[PDB]
C-alpha cells in the first residue's frame, strides 16, 4: 500500500509548498504595505521635498498633525470618525477615507491568515527537511505586487477605472480643495514614492527569505 500512499504524499507537500509560498508572498506584501501606510518618515520627508506648505497654504505643524490624525484614523483599532484638526471635510470625503480604511482592514485580515498558514505549514515542511517554500516564496513575493499591476500594461487609463471602482463607493466624485482641502497636502508624487517604498520593502523581504533558504540548505548539505 506504500506506492499509492506516497504518490499522494508527494503531491501533498508539492501543494503545501504552493499554498505556503503564496502565503509568504502576500504576507510580505501586506507587511510592507502596513509599514509604509502607517510609517511617518517618508511623508515627513515629502513635506520639505515637495514643498507641501506652499502647495496647501498650511504651516508644517498643521500638515503633520493633520497627517498624524489621518494615520491614527486608518488603524483598524480606532472606532471613532475622522476629525481633521484644522481642515474641513465633505460627506464624500469621509466616505473616501472609510473606503481607504476598509481595504487596510481587509489586507490585514488576510495578512494574519497568510502569516499563520506560512509559519504553520512552513514548519511542517521544515520538519520534513524541505526548504523550497523559502525559495519558491522568495521569488513569489517579488511577483505578487506586480501581478496586480498587469492590467496597466493592457490599457493604462481604462484599468485605473477598474481599480478605482473596486475600492471606492463614489464613482464620479472628485476631491474639491475648497471642500476637502486635505487633498492639497496629499500630492500624487507622495503616493507613487510610497508605492516604490512598498516594493523596496518587498524586495528586501524576499532577499532575507532567500537568505534563509540558503542558510537552511547549506547547513543541510554540510550535514549529509
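Residue numbers count along the first chain shown, from 1.
Colleague: In the PDB record, does 106-114 or 67-75 carry the higher mean Cα temperature factor?
Modeller: Mean B over CA atoms: larger for 106-114.
Colleague: Between 209-217 and 8-16, which has the higher average C-alpha B-factor in the PDB entry?
Modeller: Result: 8-16.
Colleague: Between 87, 98, 152, 134, which carries the biggest CA temperature factor in the record?
Modeller: Out of 87, 98, 152, 134, the record gives the largest C-alpha B-factor to 152.
Colleague: When you compare the CA B-factors of 58, 184, 161, 50 as listed in the entry, which one comes out on top?
Modeller: It is 161.
Colleague: Among the modelled residues of this chain, does the Cα B factor of residue 190 put it in the lowest, middle or highest third?
Modeller: Within its chain, residue 190 is a lowest-third residue by C-alpha B-factor, going by the deposited values.
Colleague: Which third, lowest, middle or highest, does the CA B-factor of residue 138 fall in along this chain?
Modeller: For residue 138, the deposited C-alpha B-factor lands in the middle third.
Colleague: Lowest, middle or highest third: which one holds residue 174 when the chain's residues are ordered by CA B-factor from the entry?
Modeller: Its C-alpha B-factor belongs to the highest third of this chain's values.
Colleague: Select lowest, middle or highest to describe the third in which the CA B-factor of residue 54 falls within its chain in this entry.
Modeller: Ranked within chain, residue 54 CA B lands in the middle tercile.
Colleague: Could you tell me which third, lowest, middle or highest, the C-alpha B-factor of residue 82 occupies within its chain?
Modeller: Ranked within chain, residue 82 CA B lands in the lowest tercile.
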